[PDB]
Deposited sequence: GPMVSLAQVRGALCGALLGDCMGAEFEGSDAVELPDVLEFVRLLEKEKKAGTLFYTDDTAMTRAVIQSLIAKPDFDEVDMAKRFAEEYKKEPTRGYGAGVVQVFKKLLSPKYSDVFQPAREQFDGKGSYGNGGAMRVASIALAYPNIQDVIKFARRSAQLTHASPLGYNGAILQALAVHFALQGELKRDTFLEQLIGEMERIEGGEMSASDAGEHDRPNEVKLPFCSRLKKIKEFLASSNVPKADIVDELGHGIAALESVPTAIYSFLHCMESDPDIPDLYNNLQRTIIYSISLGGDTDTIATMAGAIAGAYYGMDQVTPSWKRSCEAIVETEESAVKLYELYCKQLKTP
């Protein structure tokens, strides 16, 4: 049985990843000393809540409020919350055309809540990671894997209608789902994900191909960050960020010689994620969600979490998601 510590851990890990990754976003190369300096300063900062969250958390909050209000999953409700959240705080960091989806949802001219997303990228749909960045809560609320898959997909399709976008969301949700189930071995976890993605996807199995590359990298020694960036990616594309977040989580189950030992696994996961550069708040928010689900609140340290905008509201929302989970059993 999943614990409240795991549900809260996952949401706080997501929040930490967003808030701490945000300042580094877009850096083609990050200097790890800069990340470690930032962490040391953060820990000494007298004022609380100085790190603002981005679109990743804004949309996460909307997902959660929808699930709490409509526990059987209501995509119409969820789309409305996405669009209303954007309208309230439009400058949180939305990109890759996604605001056109919200503007169409807000207009009276669209009645099918999936149609705006289908029109993106000249009718091909978005393959960005915005579906995946906000999906962890689906795995926290719904214990049944079939529900996780179908609701991860539908929640993602509200904005991301390309199979790369929505299958990236499914993969992220599945990573959280399997991380909740207890102590894991890396290869077994990867086979769990590969087995599901083979069926879901089946160039033909792009996520499966990246997961197999992860397995190869974990079996290798001394893997430079540059090889991870080159082969898995650090981009806004779901295919170039969801596997990278999974790799970051699995890598950080063990010590990293470049990250001081005083950091716990979850802290290491966030630091390592950010150190890969690129889309740092989304890769760290996704890796942090998985790590939080796995290690729980015990590794969410006071000095880190107090730095984040909306930490109190996040911790409270976990209790309501946990209640949903319990009702599902």
TODO: Return the ranges of the deposited sequence not covered by C-alpha coordinates, sorted by sequence position.
DONE: 1-2, 205-220, 348-350
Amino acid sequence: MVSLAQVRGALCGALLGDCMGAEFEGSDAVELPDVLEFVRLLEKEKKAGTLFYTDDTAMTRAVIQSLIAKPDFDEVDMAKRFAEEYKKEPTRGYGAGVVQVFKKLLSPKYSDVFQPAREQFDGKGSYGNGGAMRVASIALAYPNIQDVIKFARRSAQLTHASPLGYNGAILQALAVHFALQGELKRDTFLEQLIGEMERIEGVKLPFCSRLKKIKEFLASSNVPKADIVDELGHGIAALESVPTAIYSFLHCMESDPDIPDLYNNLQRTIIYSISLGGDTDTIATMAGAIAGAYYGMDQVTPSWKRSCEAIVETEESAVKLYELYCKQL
From here on, numbers count along this sequence of modelled residues.
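Between two forms, the rigid core is the largest collection of C-alphas that superpose within 1.5 Å.
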Open item on the list: Quick check: by Cα RMS after rigid core superposition, does 92-100 or 233-241 differ more from this form in 7 other deposited structures of this protein?
Closed with: 92-100
Task: Between stretches 20-28 and 6-14, more displaced by Cα RMS in 7 other deposited structures of this protein (rigid core superposition) - done: 20-28
Open item on the list: Can you check if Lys204 is missing its coordinates in at least one third of the other PDB entries compared, counting only those that model the residues either side of it?
Closed with: yes
Task: Between the two ranges 281-289 and 33-41, the one averaging a larger CA B factor in the entry - done: 33-41
TODO: On mean C-alpha B-factor from the PDB entry, just flag whether 259-267 or 54-62 is the higher one.
DONE: 259-267
Task: Candidate set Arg134, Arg92, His160, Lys185 [ranked by C-alpha B-factor, highest] - done: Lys185
Open item on the list: Between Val98, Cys252, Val176, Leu205, which one tops the list for Cα B-factor in this entry?
Closed with: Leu205
Open item on the list: What third of the chain does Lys88 rank in for C-alpha temperature factor, lowest, middle or highest?
Closed with: highest
Open item on the list: Per the entry's values, where does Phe82 land by CA temperature factor relative to the rest of its chain, in the lowest, middle or highest third?
Closed with: middle
Open item on the list: How does the C-alpha B factor of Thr314 compare with the rest of the chain: lowest, middle or highest third?
Closed with: lowest
- [ ] Looking at the entry's B-factor column for C-alpha atoms only, identify whether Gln328 ranks in the lowest, middle or highest third of its chain.
- [x] highest
- [ ] Within this chain's modelled residues, let me know which third the CA B factor of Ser107 belongs to: lowest, middle or highest.
- [x] highest
